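Residue numbers (the deposited numbering), protein chains in the order written: chain e, 55 to 127; chain c, 84 to 169; chain f, 72 to 255; chain d, 76 to 293; chain a, 3 to 114; chain i, 59 to 177; chain m, 65 to 143. The beta-carbon is built from N, C-alpha and C at its ideal position, and this holds for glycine as well.
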Amino acid sequence: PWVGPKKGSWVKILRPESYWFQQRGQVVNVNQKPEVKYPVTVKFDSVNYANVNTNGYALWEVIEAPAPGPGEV
Amino acid sequence: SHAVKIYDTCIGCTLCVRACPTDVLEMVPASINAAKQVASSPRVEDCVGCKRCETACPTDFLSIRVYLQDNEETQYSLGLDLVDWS
Amino acid sequence: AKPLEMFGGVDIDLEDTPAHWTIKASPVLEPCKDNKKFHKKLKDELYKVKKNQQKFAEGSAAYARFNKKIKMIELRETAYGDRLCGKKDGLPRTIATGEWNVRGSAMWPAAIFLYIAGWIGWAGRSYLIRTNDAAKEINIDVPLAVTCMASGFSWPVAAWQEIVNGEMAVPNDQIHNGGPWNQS
Amino acid sequence: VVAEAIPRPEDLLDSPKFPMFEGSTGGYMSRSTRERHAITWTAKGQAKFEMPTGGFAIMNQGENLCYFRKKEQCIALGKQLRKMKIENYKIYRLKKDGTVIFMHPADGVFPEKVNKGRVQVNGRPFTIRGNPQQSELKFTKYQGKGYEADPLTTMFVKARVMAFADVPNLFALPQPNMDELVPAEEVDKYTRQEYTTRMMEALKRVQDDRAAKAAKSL
Amino acid sequence: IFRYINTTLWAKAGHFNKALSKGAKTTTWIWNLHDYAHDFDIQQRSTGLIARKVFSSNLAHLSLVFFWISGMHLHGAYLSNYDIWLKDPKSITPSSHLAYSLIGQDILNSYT
Amino acid sequence: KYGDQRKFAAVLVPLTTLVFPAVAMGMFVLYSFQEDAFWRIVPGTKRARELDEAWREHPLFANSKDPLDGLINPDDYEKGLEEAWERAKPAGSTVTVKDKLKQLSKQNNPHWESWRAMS
Amino acid sequence: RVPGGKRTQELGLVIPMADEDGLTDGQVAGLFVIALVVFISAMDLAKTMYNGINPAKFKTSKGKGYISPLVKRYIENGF
Ligand code: CLA
Ligand code: CLA
Ligand code: CLA
Ligand SMILES: CC1=C(/C=C/C(C)=C/C=C/C(C)=C/C=C/C=C(C)/C=C/C=C(C)/C=C/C2=C(C)CCCC2(C)C)C(C)(C)CCC1
Ligand SMILES: CC1=C(/C=C/C(C)=C/C=C/C(C)=C\C=C\C=C(C)\C=C\C=C(C)\C=C\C2=C(C)CCCC2(C)C)C(C)(C)CCC1
Ligand code: SF4
Ligand code: SF4
């Protein structure tokens with residue numbers, strides 16, 4: 055039984071200290087081990103100050119938002 | 084001495100350990116990430132405070148955070164060479 | 072009781088009529104064509120430029136260019152005659168009361184600039200919306216760029232139609248609000 | 076792991092373990108400092124390297140030994156050696172008395188390599204934003220050090236933050252009766268377990284009085 | 003030999019440095035591109051390219067200095083009062099530099 | 059005469075702008091080498107420890123530093139928490155409230171206020 | 065006096081000086097006595113502020129403390 059958002063599905067970030075808070079990014083993969091605290095891996099078009107466009111988030115920090123659309127983060 | 088804390092968001096990069104110039108950080112086994120390892124700071128008394136570990140950390144916000152404490156400086160945290168405090 | 076001396080020099084209208092709401096009724100100002108300071112300043116300009124002109128040869132090109140400058144100065148003197156200038160400086164003033172019907176009013180330049188500035192901003196926003204990529208910002212898609220630049224003329228209508236139809240703004244819950252201020 | 080017998084640098088003049096190095100003014104300042112750090116390693120060929128204190132050096136085909144004032148210089152030289160595929164280098168801190176403390180490969184395994192028996196020191200079990208607010212821990216153990224709070228304290232203050240926003244349902248603390256309480260401390264009735272029963276009954280009386288008073292014009 | 007002198011890299015800004023190959027993700031990329039422009043040492047390819055770049059850039063700058071000298075010479079021949087200065091240098095200030103009569107800039111030219 | 063106050067100045071000005079400042083600077087550099095020097099801002103002074111212990115000896119301020127101070131009946135709070143966790147305990151989970159709180163209180167920060175070891 | 069500034073010279077502004085003394089030496093000494101009193105009291109206050117409150121006084125100091133009857137009312141009137 056798959057857990058978390060599907061691969062390639064857009065999710066809105068709910069981590070307040072994240073550089074992409076309330077932004078959206080494609081789900082690269084979700085780790086299926088229940089022991090992993092932050093299994094969801096999300097990649098973004100906008101890099102942060104460390105020039106990193108991907109990060110691993112918790113299961114409770116992604117809400118499966120729709121596609122961004124024209125001129126929308 | 085400063086205060087170097089490691090948070091759960093660590094993904095076992097080992098980059099923070101490699102970037103530390105005074106061997107403050109080390110890798111310990113854990114079970115909260117796919118790498119089965121998290122960083123630790125057992126020797127922050129040798130932490131000068133260069134924050135290279137924070138530069139090297141790739142998590143969204145640093146899984147390793149160095150808190151500067153200037154009213155706390157020791158001879159090791161200041162990198163004293165000409166002068167000994169022991 | 073002589074408001075000039077009561078208030079240390081400044082004078083007050085003392086009359087409550089709508090006909091004095093125009094800038095032209097102000098006692099500080101005066102039409103430039105009948106102001107002594109205006110005459111003296113532009114006469115001094117003419118005198119200085121003419122004195123510079125005599126220093127050169129009669130048949131030189133510099134003499135002709137100074138004649139052209141003198142004609143420009145006299146044209147400026149006659150053109151600013153209807154413009155309002157203060158009764159003590161002689162320098163013509165710019166009207167910023169929204170009069171729309173006085174010499175030197177700021178309404179016409181404001182309207183022109185606001186139109187063209189909205190045009191520039193709308194063209195840039197349209198190009199950014201239609202090129203949702205960083206590669207298109209360093210290597211400009213020139214045909215699309217000039218298409219948006221030409222299309223920007225209808226900004227005062229298209230922008231409002233986007234404002235009311237929910238296509239300009241975005242809810243705060245879709246963009247990064249800012250740094251966290253709490254959690255514990 | 077067995078610590079070596081690194082002698083004090085002022086007593087090991089002219090040792091065969093010293094690499095051929097040019098020698099500069101950047102070395103440790105004697106006559107003012109007594110704490111020295113020593114790094115030893117075994118090389119395979121006399122490959123030239125750079126001393127952390129200015130000037131270049133040539134290793135020995137066998138054992139090597141260098142003395143430095145700071146651990147940072149020893150670690151810099153250790154990284155430089157490790158770039159040359161030279162492992163098995165150990166860094167010691169020499170106390171003024173001559174005590175040898177084994178520092179860098181503390182458990183014999185380099186810190187970037189996971190080794191069993193290690194425990195996450197200074198670990199915090201939440202995201203960095205999960206730290207409690209500094210304002211909440213005023214005049215407690217963590218007065219200006221909210222990042223040092225144990226996770227139980229963080230959860231407790233988080234629950235307090237959650238609670239102290241539903242203002243209408245809060246319980247105002249009763250005003251103490253200073254004039255008629257407050258006898259000499261020797262004047263007490265003991266019965267500690269009865270004192271909590273007295274707390275229960277007194278607070279029940281206070282709440283009943285408050286409800287009765289509120290149900291007059293509300 | 004010269005068949006490799008191609009314009010294909012003109013559009014590809016930042017080609018010379020391998021740290022700029024990731025693309026202009028941020029505005030720092032622009033400043034880095036301008037900063038590494040003449041840093042031939044850190045740019046891509048072997049040491050021979052460093053020598054070629056250094057020598058050819060020296061020649062290009064020398065051409066630039068020659069162009070500046072040529073501009074000064076043409077200003078002196080066609081935009082100057084060097085004739086009357088030759089005839090009477092103690093009464094004529096040197097001037098090979100005019101200003102157009104725009105926005106009243108005519109006030110900058112003075113009697114020489 | 060309008061002067062005759064300079065008799066006071068010729069003593070006071072040299073005194074308060076030379077003798078007092080020099081004595082103050084010497085006394086300050088002497089005070090800098092006391093074990094009590096700047097005991098309110100400099101960590102690890104003896105007087106700071108004595109003041110903290112004196113505060114802790116007061117009956118009102120005994121359990122003042124505890125962030126969890128306030129629970130009138132901590133046994134009731136713990137019992138209610140245990141009851142609420144029992145109804146929400148996931149399947150055959152083996153964690154109790156008591157040891158969970160005990161291990162959530164015990165963290166590992168050896169280098170926190172280690173300056174309380176010299177004075 | 066050698067004046068500076070345009071206005072002093074062009075208006076003739078002058079600075080009169082009393083030919084008398086102002087205050088006699090006795091008055092200055094009378095002021096200095098109270099200044100010394102302020103000085104002693106200020107040194108004492110600086111000492112007290114430097115040392116701060118001593119909570120452990122109830123173990124050694126005599127008496128039993130005192131809360132004024134208005135201070136109790138202010139305690140129980142609220143905050
Ligand atoms: C002729 C000389 C001159 C020059 C060189 C400038 C230069 C400038 N003006 Mg400007 N201005 C001038 C005359 C001039 N002004 C006159 C005569 C007026 C009338 C009083 C104004 C009124 C004016 C305003 C009201 C604003 C400027 C702004 C600006 C700056 C941004 C340029 C721009 O539009 O970017 C291109 C435009 C964009 C990238 C975004 C679009 C923004 C513009 C203002 C369109 C807004 C239209 C909107 C629907 C109506 C707004 C109503 C109200 C908020 C004013 C720029 C430095 C802006 C500024 O400084 O912002 C910090 C600004 O907001 N100007
Ligand atoms: C023969 C002279 C010469 C040569 C060949 C070089 C060559 C070099 N220098 Mg160098 N330098 C020189 C003189 C020279 N320099 C002088 C005189 C100074 C003292 C100021 C410096 C200070 C200097 C520093 C601090 C650095 C270099 C660096 C470099 C290297 C890369 C330069 C680069 O990419 O910049 C690209 C070119 C520019 C960014 C030019 C921008 C324009 C300048 C900065 C502003 C000039 C303003 C202008 C004069 C006024 C404008 C007019 C106004 C009215 C508008 C390159 C090897 C850099 C390096 O990494 O070396 C390896 C480096 O960090 N140089
Ligand atoms: C704000 C307080 C203050 C200040 C800044 C001054 C300033 C001055 N007084 Mg003075 N004075 C004051 C109060 C003050 N007076 C009072 C209240 C008296 C009456 C006792 C006098 C009696 C007095 C005499 C008799 C003479 C001066 C003189 C002087 C001058 C030389 C400084 C000196 O040696 O004074 C010495 C003055 C004293 C020792 C009296 C006590 C000084 C005050 C009360 C202490 C205030 C300190 C203040 C709280 C700052 C403390 C912190 C500091 C370390 C930064 C100088 C302009 C001399 C001079 O040349 O005048 C023309 C002089 O002959 N004063
Ligand atoms: C001609 C004319 C006109 C027109 C005009 C116009 C149209 C103009 C435009 C103009 C423009 C269009 C301009 C623009 C400008 C821009 C600018 C000028 C920019 C600037 C920038 C800056 C300033 C920067 C800033 C910053 C940042 C980046 C961020 C951070 C902060 C800071 C601030 C640093 C009119 C008719 C009216 C009148 C007559 C004359
Ligand atoms: C009349 C007059 C006056 C007054 C004025 C006023 C009072 C004004 C106001 C104004 C205002 C009160 C405004 C407001 C606004 C708000 C808002 C909210 C806005 C917004 C905007 C926007 C949103 C824009 C957008 C855009 C466009 C449209 C184009 C470009 C691009 C963009 C996107 C930017 C004066 C006194 C001066 C003088 C006389 C005349
Ligand atoms: S660099 Fe950051 S994420 Fe990587 S191991 Fe170190 S602390 Fe963890
Ligand atoms: S701040 Fe520097 S010395 Fe301290 S742990 Fe980080 S990298 Fe190591």
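- Within the segment 96-124 of chain i, those residues whose Cβ lies closer than 9 Å to any Cβ of chain d are, in chain order, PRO117, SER122, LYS123, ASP124.
- Taking C-beta atoms as the reference points, f:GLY161 and f:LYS112 count as a pair closer than 7 Å.
- The criterion of a C-beta distance shorter than 7 Å is satisfied by e:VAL81 and e:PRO59.
- In its chain, beyond the 5 residues on either side, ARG65 have a beta carbon closer than 8 Å to the beta carbon of m:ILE79.
- Taking the beta carbon of m:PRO119 as reference, the chain i residues within 8 Å of it are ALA112, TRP113, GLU115, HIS116, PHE119, listed in sequence order.
- One finds nothing in chain f with a Cβ atom closer than 9 Å to the Cβ of d:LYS216; even the nearest lies about 16 Å away.
- According to DSSP, residue pairing for d:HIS112 in a beta bridge involves d:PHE143, d:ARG168.
- Per DSSP, the continuous alpha helix (DSSP H) segment holding a:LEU88 begins and ends at 84-89.
- In this structure, d:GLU162 lies away from c:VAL100, with their beta-carbon atoms at least 7 Å apart.
- Look at which beta carbons fall closer than 5 Å to any heavy atom of ligand 3; those residues are i:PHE66, i:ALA67, i:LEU70, i:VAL71, i:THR74, m:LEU95, m:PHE96, m:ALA99.
- The C-beta of i:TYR60 comes closer than 7 Å to at least one C-beta of chain m.
- For i:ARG107, the enclosing alpha helix (DSSP H) has its first and last residue at 104-115.
- Per the coordinates, the alpha-carbon of i:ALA175 lies some 10 Å from the alpha-carbon of i:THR103.
- A direct Cα-Cα distance of roughly 11 Å separates f:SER176 from f:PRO163.
- When the Cα atoms are used, i:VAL100 and i:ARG107 turn out to be separated by approximately 12 Å.
- Against chain a, the CB of e:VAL101 has a partner CB under 7 Å away; the residue lies at that interface.
- Distance from the C-beta of a:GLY25 to the nearest heavy atom of ligand 1 is not below 6 Å.
- The C-beta of d:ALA224 has 16 or more other C-beta atoms within 10 Å across all chains shown, which makes the residue buried.
- Of all residues in the segment 192-207 of chain d, only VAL194, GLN195, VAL196, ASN197, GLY198, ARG199 come within less than 8 Å of chain i when Cβ atoms are compared, listed by chain position.
- For e:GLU71, the neighbours in chain d by C-beta distance under 8 Å run, in chain order, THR202, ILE203, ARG204.
- Proximity of the beta carbon of a:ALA39 to ligand 2 is indicated: a heavy atom of the ligand is located closer than 6 Å.
- Rounded to whole angstroms, the separation of the alpha carbons of c:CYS140 and f:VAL213 is 40 Å.
- Interface with chain c (7 Å Cβ-Cβ cutoff): d:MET104 is included.
- Of the other Cβ atoms in all chains shown, 16 or more fall within 10 Å of the Cβ of e:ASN109; this residue is therefore buried.
- Against chain f, a Cβ distance below 8 Å from a:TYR80 picks out nothing, because the smallest value is about 14 Å.
- Taking all protein chains shown into account, a:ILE105 has fewer than 16 neighbouring C-beta atoms within 10 Å of its C-beta and is therefore exposed.
- Using a Cβ distance threshold of 7 Å, c:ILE115 and d:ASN197 do not count as a contacting pair.
- Between the alpha carbons of d:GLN250 and i:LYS160 lies a distance of about 34 Å.
- At a C-beta separation below 7 Å, d:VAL236 has these neighbours in chain f: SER255.
- Non-local C-beta neighbours of e:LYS87 in its own chain, meaning closer than 8 Å and more than five positions away in sequence, comprise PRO93, ordered along the chain.
- Not a single CB atom of chain d sits nearer than 7 Å to the CB of f:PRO98.
- Taking a beta-carbon distance threshold of 7 Å, d:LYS233 counts as an interface residue toward chain f.
- At a cut-off of 7 Å between beta carbons, f:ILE211 makes no contact with chain a.
- A distance criterion of 6 Å places the beta-carbon of a:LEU35 beyond contact range of ligand 6, judged by its closest non-hydrogen atom.
- Taking 8 Å as the upper bound for CB-CB distance, e:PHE75 and f:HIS247 are in contact here, some 5 Å apart.
- For d:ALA287, the enclosing alpha helix (DSSP H) starts and ends at 267-289.
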